[PDB]
Every structure is written in C-alpha cells, then in structure tokens.
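First, one chain by itself in structure tokens, the form deposited in one PDB entry.
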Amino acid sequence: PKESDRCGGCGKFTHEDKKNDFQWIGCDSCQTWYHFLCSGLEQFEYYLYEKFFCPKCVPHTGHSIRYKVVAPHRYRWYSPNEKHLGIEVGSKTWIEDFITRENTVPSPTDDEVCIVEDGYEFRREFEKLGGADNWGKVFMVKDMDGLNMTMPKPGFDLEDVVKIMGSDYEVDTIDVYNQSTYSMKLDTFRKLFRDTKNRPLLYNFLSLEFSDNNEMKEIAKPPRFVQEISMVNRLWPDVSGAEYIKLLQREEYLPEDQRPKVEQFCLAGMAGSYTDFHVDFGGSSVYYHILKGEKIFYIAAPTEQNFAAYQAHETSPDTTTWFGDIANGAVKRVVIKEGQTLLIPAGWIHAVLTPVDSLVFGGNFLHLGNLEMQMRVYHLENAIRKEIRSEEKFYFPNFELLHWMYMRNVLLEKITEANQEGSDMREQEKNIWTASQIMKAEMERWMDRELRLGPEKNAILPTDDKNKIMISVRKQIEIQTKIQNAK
C-alpha cells in the first residue's frame, strides 16, 4: 500500500487488534506513524503531549512536551478556547477552592449515620435496627476488631500491591483534574505516587479488583457479614471438593467469566483527589476500609427527593454546579481516618475528597435486604442512560443475568421446597418470600420489555430459558399463596 502509513512498530499496516482500537499517533520529530499500542505511551498519556517524540528520538530529541496548563478550572485544562468558561466540578481550581470551605458542610444525623467503636458494637446496633434485611443507615466503625474482616497489617502499602499484582498490571485510573478514566500500569502509578513533590496531575484509582489474584484475594476480604449476604457470593461459592461436585451435578455451576467482579477492590488516591457524586452501580452496598490515609465522604440519603435531584444533576450538561448546592441541605459530611471502616447500604449518593495520600480496601455487593432499593437505583441508572451515553463498564456487570440465576438457583428451590411440605414461608422465611415477589415483579417487567423490543446483544440467557424460569416461578409462587390463603 504505502510505506509512510506503516507502523512503527510493529512494522505493520494493520494492528493485530489494552485495546488498540484503530488508532495511530504521529511523531512530531521523525514524522512516522505509530499504532497507539505501539507508541510506548499508556492510555493516560494520549492527550497529555503537545509534542511527541517517540522512542526512536528521545535520546536525541528529548522527552515529549506536554501542553501547558491554560485553563486549570476546566477538564480540558490545556485548551485556551475554554479560558473564559465556568469553573468545572471538580477541576484543579474547583478542588483547590473546595478544600477551603469543605468543612462547612453539616454533619449527618443519628438516623443517617451511626458511629460505632468496633465490630462488636456494630453487630449489636446492626441487630437492633433489624439487621441486613432492614438496612438503611450508614455505619462508621472506628476499630475493625469484631468485624471478622481480613485486612493487611499496616506496613503494607502500595509497594506490596505492585509486587503482588505485577508492575505491568493495568488499572483503570481517574485523571482527577480531567475527571476521566484511563489505563495506567501499576508501576507507573507507583512512580507518580512516590513523587510527592512533583504532581502536575492527580490520580486516583478505584477499580483495581483482585478477587482473581490467588495471593491478594486472601490478604483483604469483606467482613464476614458481607460474605454471608452477598448475592454474588451465594451464586459463585468459592467451594471445593464434593461441595463443588454437587454444585456441577445440580445445574448450579456458573462460569467464572460471568461472575461480577466487584467485591474486592483496592483503591489508592493522591492527596487532593476528588470523586464526584454518584450512586454505586446496581445500587450495590459498599464496605470501605482505610489502610492508610484519610477520606471525607459527602453523602445524601436515598430518598425520592434526593433521587430526583441526583437524576437531574446527572442528565444536565451543566458542569459548574456542585450537587450539594442544589440538594436542599441533604448533603452531609463524614470523615474516615486510618484504620476506620465505612459500611454503606443501597442507594446512598456520595462524593469523596482525599485530603491525604491513601490506600483503601473496599468492595461492592448486592443483597436481598436491599432488593427494592437496588431495583430503584437500577431504574435511576436506566433513566439516566436514556439521556446520556456512558460505557457499560461503569455499571454493574451482568446485573440482570445475576437475578435470573438467583431466582432460578436459589429462590425457586426454596419456594418449591416449602411448597412440597407444610408450609407457610412467612414463619421461618418471611424475608425469602417477600424478596421473591419483589424480584419476580421486576423480572416480569424485564421479560415484557425483551418481548416488546427483542433481546439485547448475543448471549447469555436465551429468551426461551427466561420464559421457562418465569413459568416455573409463577407456578410455585401461585401455589405458596394458596397455602397462605388456606392457613
């Protein structure tokens, strides 16, 4: 074809394909083109450099020259055409100023957050309120003792992470001032993190999930109470031996690549980092333990008034208004220090500031006690997703499939068994019963939608299998009611 269009390289015309896409970058010195994945750059650098300046030139051309900071109050901090526009939440200018008025945001009430000294008190207060089934307030636990939450011994830091995970492990990382996400080698982040004096840009990753790393997955685990209620954990039990065999023998096995991986995250952020208001995907609950550093959460209860304000905030193109300034005083401030743990139920809207370099272990999960609220957040996400175009990776992996499997593999069996004896589930399983109805009703809406306009992309559950599950669900449900009407 044309030699000048050859990478690079690579020395090739069409790249094999993290994902190079179909993208090239050109050397401002030697003028030869490079596939992005062949340029030696990482995704986080793609937009940074005004001049580049490939490896075949750096020893005799110098390092790439990055754009000069022209508009520190804009995500596009490098664009002179935006100099005159408004301060964007949370650009460098925005965060800088927010840090100074920050502590004026009111503290939460006792009904919003409950602070406890240790895991034993948490347990007591958790049970007073009705436990996980009736879990509505956030808890801060100062000392983790009694939580049964496996964590690293301090002295553990970023260095240990990169050693365990791998220097070339790529993690989706937030460019804080640009308010965007890019891949970045763990070793690159560590270099940048290590340099505490020279930080032209701040970085914060939330999304290093290590549940598939045989070493890390043993070092930081969710509290026991989280493991006991996790729907994902119930469906993909990390069991062995005969238990696993029984698993396969019932059609209860689910592929590892279908497992939502969100329950074991490592988060590391630079001081000055800000993450803006959001509800965790799928309306999942969150555990959040500070190994090192400090975090300030700004939180708002999952009420309809708040949900309406949030939905509007998320669908408006406006970029200059802090959600707290329009939430009618719903935003409360809570500080979490080294060693302390936050436990957040479904639906809580929250932003977070990182006053100090930090290292956090956290995780997301779904549970039956928050089923309604999880569906409610799901409707919220879908409503927002109609207006704005986002990426599927920022939403809960395989949300619907997870429920099809939970209904099939868990609830169906429980209802069937009760039906086959006595047996009014309201006695020793009121919770299981009410969840079944709630989940069923939601899934009836999904079914009708799939019929009205067809299935989504390829896989994973054929429409026919869904209809067969629903038929079986309706049957056992109708039977159990008859038993409840009789008794």
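Rigid core (definition): largest C-alpha set, two forms, superposition within 1.5 Å. Note that residue numbering follows the sequence shown and begins at 1.
Same protein, other form: the form deposited in another entry, not shown, and the subject of what follows.
- Core superposition between the shown form and the other one leaves every listed residue (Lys261, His278, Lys246, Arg224) with a C-alpha shift below 2 angstroms except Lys246.
- After superposing the rigid core, the C-alpha of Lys440 moves by less than 2 Å between the shown form and the other one.
- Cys30: CA moves 2 Å or more between the shown form and the other one after rigid-core fitting.
- A movement of the C-alpha atom of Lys12 reaching 2 angstroms or beyond is seen between the shown form and the other one when the two forms are aligned on their rigid core.
- Closer approach of the C-alpha atoms of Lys217 and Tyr244, by 3 angstroms or more, is seen in the other form than in the present form.
- The Cα-Cα distance between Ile245 and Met216 is shortened by 3 Å or more in the other form relative to the form shown here.
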